[PDB]
Structure formats: C-alpha cells, structure tokens
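Each chain gets a letter, A, B and so on, in the order its sequence line appears, and its residues count up from 1.
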Number of protein chains: 2
Amino acid sequence: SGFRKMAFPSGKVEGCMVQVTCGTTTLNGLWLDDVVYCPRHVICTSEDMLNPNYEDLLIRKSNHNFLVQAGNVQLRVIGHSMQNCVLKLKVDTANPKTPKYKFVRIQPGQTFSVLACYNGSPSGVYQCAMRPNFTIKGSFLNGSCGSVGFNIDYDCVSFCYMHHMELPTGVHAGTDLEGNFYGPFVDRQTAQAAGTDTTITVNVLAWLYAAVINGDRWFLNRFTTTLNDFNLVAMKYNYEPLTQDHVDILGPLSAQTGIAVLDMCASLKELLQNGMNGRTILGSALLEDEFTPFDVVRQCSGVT
Amino acid sequence: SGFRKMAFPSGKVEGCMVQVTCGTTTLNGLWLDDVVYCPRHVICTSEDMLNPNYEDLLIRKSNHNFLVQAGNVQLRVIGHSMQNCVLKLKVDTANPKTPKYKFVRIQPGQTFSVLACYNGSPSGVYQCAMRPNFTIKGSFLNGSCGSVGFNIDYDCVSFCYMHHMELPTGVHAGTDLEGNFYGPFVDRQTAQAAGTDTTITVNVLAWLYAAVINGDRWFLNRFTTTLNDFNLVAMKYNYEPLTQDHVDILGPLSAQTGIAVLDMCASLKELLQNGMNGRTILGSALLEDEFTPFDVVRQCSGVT
Ligand SMILES: O=C(Cc1cccc(Cl)c1)Nc1cncc2cccnc12
Ligand SMILES: O=C(Cc1cccc(Cl)c1)Nc1cncc2cccnc12
C-alpha cells in the first residue's frame, strides 16, 4: 500500500555520467560504448548564446578541445560530430559500465526519471512527465545541462531526454538522444513560447484507479458518463480529450478495480466540476497527472 | 529553477541489495562488507507471525538454511546472529560494491530516500520523511521487506531505515540498521497504534522559502508573528511547535531570501487560517512537509 512519485533506480545511468568541458563551459555528458553525448552549446561562450552559428563555432574546435573526465579518469577524444543539437564525442575507450540501452523518442504525456547532474556527478533523481506542450517541469540549476531522462525495462535503459535549457518561465526544454528538441524550442538565449499546456487526462484517470487500489475511494459516485459528455467537461477544464485508445490502456486498471472506465470518467467529471472540497487523494489536494496507466500497474505490482 | 521531491541517486545502494530466503520466506537483505542485514521475520512462516518467539524460531535454523543470492551468484553463510529485529548473516565474501557507509538513527521530521526492492532487485526510488509518529508513508508491497532508507553525503551512504511492516492503516514501520524499531512497533501480526501524527513545521517553512526562491510568492504578506503567537496557531492545526533551534536551522534560507523567519511564520499562519483559496505553491495544493531546510538548500544549490 501507499503511492509515491517513484523514480527508476538510477545506478545504471550514474555509471554513464561524465563531465565535458570546452573552453570555459562545463556541462554533463552521457558515455555509452565509445561515444560521449552532450548538448552542443558546450562550445559556446555566454556571448555566443545570443544567436549562435553552431557550425561555425564547432569548426574552431578540435578533438583536444573537448575535455571529458569520467570521475577522476580523463578520456581521450578521437572524433567529434554534431547531430542536430547534440555533440557526439568519440572516445578511445568503451565505457565498461555501459548498460543495455536504447535511444527513444517519448510521446507527450509519458513519464520518465531524470538523474540531475552537475560536473559529471549525480545529485538527485526524480520522476516527471513530458508535458503535452513538450516542456518538462524539472528541478535544474546552471550546470545541469546534459543530465538525462530515462525509463528502465528489466536490464535495458531507454534514454529519452537530454536537458538543454531553462525557459524564462522556469520550465525546461531538451532533446531526444539524437539531439532533436521536444517541442518548438531552439538552443538560443531568446524568449520562446512554450504554448498552451493541458492536463494529461489518461494519467489523472490512472491515478484515480491507483487511489481506489490504495483505499482512497471517497470520490467514487453513483454516476456514469460517455466519451462525448466527458470530453465537453475536459474541454472546459483544459484536459486532453479522452479517446478509445486511452480507454483501452486503462483496461487493466478497470479490470483490477471492477470500475468501468466511463464510471471513473464520471468521478473525474464531478471532481473537475466541484473541486476536492478540502479533501485529499493519495496525499494530494489536486488532480495528479504524472503517473501513466503503466506506472500505476508497475508500482501497484512491484516490477523490478 | 523548479522544485521536485528529489531522491538521492541510488546506485551505491543498488550494489548492496541481495535476496535472502529462509524456509519458504524471501525478502531483501543489505550486503555491506562481509555481513548481510535483513529483517528477522525472514525466519517465520505466516502462522508464526501471530506471536513469534524469535529466539526459539532462530534456534531451529542453521547457516545453511539462509539462502543469500547477490543477483545471480550465491553467497556462503558462515555465521548468523540476531540483533534486536535484524538478522546479521556473516558471509565468506566481502561485497566488492560496498560503498563508504554509516549506520545512523534519524530523528522524526528528517527525510531520506527509499530504494524499494523485491527479490533482491531494485524496483524504484523515492523520497520521504520519518513522520513525527515514527511511521513512514511509503510505497511498499509484499516482498519489499528489507528495502532500506538512506541519505548520501558525497561518497558516504548513511543507512537509516530498513523496512519491516505495513500497519493495518497502510502506513509503514521499520528499524534502524541495528534492528531497533522507530516508534512503538513490534514485529508481530497484531493491530498496533501509531499514535497522533503532526505536521513538520520547520519543513513547511523550509518549503515556503523554496517556493520564494523559485518564484512562488503570492502567499507573502505584510505581517509578522512571534514564536508564542505562531505556536498557538500551530497547536490548533496539529503542527509541531516551532523552537529557536528550528529558527536557527532556517537561518540560511532566511539570509538567501531576506525574509525573517518570523515573517515567514506569519505567512504560514495566514495559510493555515485561510487555506490556499484554490491556489498552488510549487505545484502543490497543500502545505508540504517532506523537505527539510537542508534538503531545500541542497536542491537549490546543486550538491552532488
Ligand atoms: O538554460 C541554460 C543555458 C542555456 C541558455 C540558452 C540556450 C540553451 Cl540551449 C542553454 N541553462 C540551464 C539549464 N537548466 C536550468 C538552469 C537554471 C539556471 C541557469 N541556467 C539553467
Ligand atoms: O507487513 C508485512 C509482513 C509482516 C507482518 C507482520 C509483522 C511484520 Cl514485521 C511483517 N509485509 C509487508 C510490508 N510492506 C508492505 C506490505 C504490503 C502488503 C503485504 N505485506 C506488506
């Protein structure tokens, strides 16, 4: 019993973190096999970040300018290339601690763990969701660039995010491990619109099922709704429209609790229209959307 | 910017987890140097848990009855002893992955990370507080016994908690690494009073300072209070009385923000008396007490 914002164990990722320095900028890199991945803005000075021409800036750099240090040991750089917004530094030594891994592009609404790092050293781990507007509400300070987001399935780490930037609004933007930004962001010191965010409906429903499993049931009502009626309410409250694909992935939670997905939608509709009335659900006074249906089943079944 | 319920990176602890089996019960153990620590109830069957005489139950067991497996490799047990509610299994091999460590008894109100494990395998990591009533509001399923709580200072892991039991109320109880229960609990299948819990005032104030640092300032008011006046309000709302020792540990956060501790107490007093009025602070609609002043400074300064 109990329900927490649980992160994946970070050990497999801690073994991949290194410090990358170029000129006077230092950030984090991810060492997998014989390649170190890091944000390409490691080649910029603060003056360059205004409107950087990364191709020209990288031309002035050579392999010996990229200082890569894995804990205490120095790595020898034998190649460098820019792929989208990431630099790939080929090193002469394969990381002996490379776990089984994949590079994945996650969908908005999906969750992942972040291992926040500074100077190649891990500082903390937390769980978060990729917002529908492709930002993340992380906890990151200067020097955290190059920290990564990931998920783990048994022995395989699927890397989905590399941290690059904090918007003027205090939210975070980054790329997949091929250097493609999630969302419309560019790696420049310019104000950039994140765009309208929405609440991840399928995740709120999954968390309501997690509440029922853990004993919080006060919000269950005698009502039902339809996808159409629920979606009129979701529109009004800035929630993502619920589809049959979302109902389908909620199937296991519906079977576990015996509560039909549309009946749980009616509970969600009532909570959106009336609020919580000073009550809480799983220690929260708001509707939580950072747990996917897969996260709820994993946490409520103990997958290792 | 951003503020998350951040856990310590769990890699150093993942390297210590093993599976311990005795008879038909399997739980987790912590392998440090040549000793494996685990809850002593690993020697019980379900029938024994009613009123176990652990001394008699352990007398029927020999070294060869304790099966300890570290991932895939089997450990040879050359000694066993019971210390309070933990068993210490001496093994013939020192754990090569033993980090620098200490065994500490944490105070109520302090925080720590839990590495939830099943069958010696890590499943997730989360941050929590030891409640004033010596329970923890964890996320644990059957088989999670032996999972540990810890803090990390640079390269040293201070182990503070070993999980033992879930109370009928769904909250969790466990011991320090010398096997002493936190709180009045006994390792028996009997209903046990946890006792009145309270909100950790110093931690709510620390989190309010974290909110100001991260830009959430709507709750700041034109008022001040005294320790005596604030404590009348704290009494009414089931908050721990604030002392000068708590004001002293809030000093760094007061210096960072320029907000006197008693002025922040007046903000807390107003939030307790009026509620949040449908507003949020750091993504929460309630007053959070799972961040200590040290946690706030660590997260807002990036200690690795
Ligand atoms: O945003 C930047 C630097 C930057 C500037 C423009 C474009 C790009 Cl790609 C990167 N770095 C940081 C990341 N996360 C959090 C922060 C907190 C404080 C200060 N810097 C932070
Ligand atoms: O509480 C027990 C077993 C037990 C019974 C009596 C005394 C003692 Cl020391 C231990 N184990 C579990 C721990 N945490 C969470 C659980 C969730 C479901 C089922 N068991 C759980």
Side-chain angles (χ1 to χ4, degrees), chain A residues 1-15 17 113-128 136-144 152 154 166-167 169-172 214-215 275-276 278 280 283-288 290 295 298-304, chain B residues 1-15 17 113-128 136-144 152 154 166-167 169-172 214-215 275-276 278 280 283-288 290 295 298-304:
Chain A
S1 195
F3 202 77
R4 284 275 180 184
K5 194 92 51 127
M6 179 176 292
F8 281 106
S10 59
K12 292 164 173 281
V13 179
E14 294 171 44
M17 307 306 308
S113 305
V114 168
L115 179 66
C117 294
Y118 298 89
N119 300 108
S121 295
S123 65
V125 63
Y126 57 89
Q127 185 76 358
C128 70
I136 75 166
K137 295 178 174 173
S139 172
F140 290 120
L141 306 172
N142 196 357
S144 64
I152 308 177
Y154 172 45
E166 183 167 88
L167 296 177
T169 64
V171 306
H172 304 109
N214 291 279
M276 325 248 308
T280 65
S284 185
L286 55 71
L287 299 170
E288 300 276 342
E290 292 197 307
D295 299 336
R298 183 189 304 112
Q299 174 159 186
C300 300
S301 75
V303 168
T304 70
Chain B
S1 195
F3 202 77
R4 284 275 180 184
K5 194 92 51 127
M6 179 176 292
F8 281 106
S10 59
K12 292 164 173 281
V13 179
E14 294 171 44
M17 307 306 308
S113 305
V114 168
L115 179 66
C117 294
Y118 298 89
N119 300 108
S121 295
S123 65
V125 63
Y126 57 89
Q127 185 76 358
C128 70
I136 75 166
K137 295 178 174 173
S139 172
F140 290 120
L141 306 172
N142 196 357
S144 64
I152 308 177
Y154 172 45
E166 183 167 88
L167 296 177
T169 64
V171 306
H172 304 109
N214 291 279
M276 325 248 308
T280 65
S284 185
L286 55 71
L287 299 170
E288 300 276 342
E290 292 197 307
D295 299 336
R298 183 189 304 112
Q299 174 159 186
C300 300
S301 75
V303 168
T304 70

Item to check | Interchain contact, A:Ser113 with chain B, by part (heavy-atom threshold 4.5 Å) | outcome: neither
Next on the checklist: Heavy-atom pairs under 4.5 Å with chain B - which of A:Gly170, A:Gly138, A:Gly15 has more of them than the others?
Outcome noted: A:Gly138
Item to check | A:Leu286 portion near chain B, given a 4.5 angstrom heavy-atom threshold | outcome: both
Item to check | Contact class of B:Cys300 relative to chain A, heavy atoms under 4.5 angstrom | outcome: backbone
Checklist entry - Between A:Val125 and B:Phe8, which heavy-atom pair has the shortest distance, and what is it? => result CG1-O, 3.7 Å
Checklist entry - Relative to chain B, which of A:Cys117, A:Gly283, A:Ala285 shows the most heavy atom pairs under 4.5 Å? => result A:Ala285
Checklist entry - OG of B:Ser123 to CD1 of A:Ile152: how many Å apart, nearest 0.5 Å? => result 11.0 Å
Next on the checklist: I'd like to check A:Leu115 versus B:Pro9 (side-chain heavy atoms, cut-off strictly below 4.5 Å). Are they in contact?
Outcome noted: yes
Checklist entry - Minimum heavy-atom separation for B:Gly11 to A:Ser10, with atom names? => result N-OG, 4.3 Å
Checklist entry - For chain B, which of A:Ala116, A:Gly278, A:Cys128 has the most heavy-atom pairs under 4.5 Å? => result A:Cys128
Next on the checklist: Quick check for you: to the nearest 0.5 Å, what is the distance between B:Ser301 atom OG and A:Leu141 atom CG?
Outcome noted: 7.5 Å
Checklist entry - Do B:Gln127 and A:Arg4 touch side chain to side chain, with heavy atoms closer than 4.5 Å? => result no
Checklist outcome for this item: Answer key: most heavy-atom pairs under 4.5 Å with chain B among A:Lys5, A:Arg298, A:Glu290 is A:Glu290
Next on the checklist: Can you list everything that forms a salt bridge (charged side-chain N to carboxylate O under 4.0 Å, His left out) with B:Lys12? Sequence neighbours excluded, please.
Outcome noted: none
Checklist outcome for this item: In terms of heavy-atom pairs under 4.5 Å with chain B, the winner among A:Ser284, A:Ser144, A:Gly302 is A:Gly302
Item to check | Closest non-hydrogen atom pair, A:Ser139 against B:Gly2 | outcome: OG-O, 3.4 Å
Checklist entry - Checking A:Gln299 against chain B: side chain, backbone, both or neither under 4.5 Å from a heavy atom? => result both
Next on the checklist: Under the rule for ring pair (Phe, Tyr, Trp, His ring centres under 6.0 Å), what residues qualify as partners of B:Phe3, not counting sequence neighbours?
Outcome noted: B:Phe291
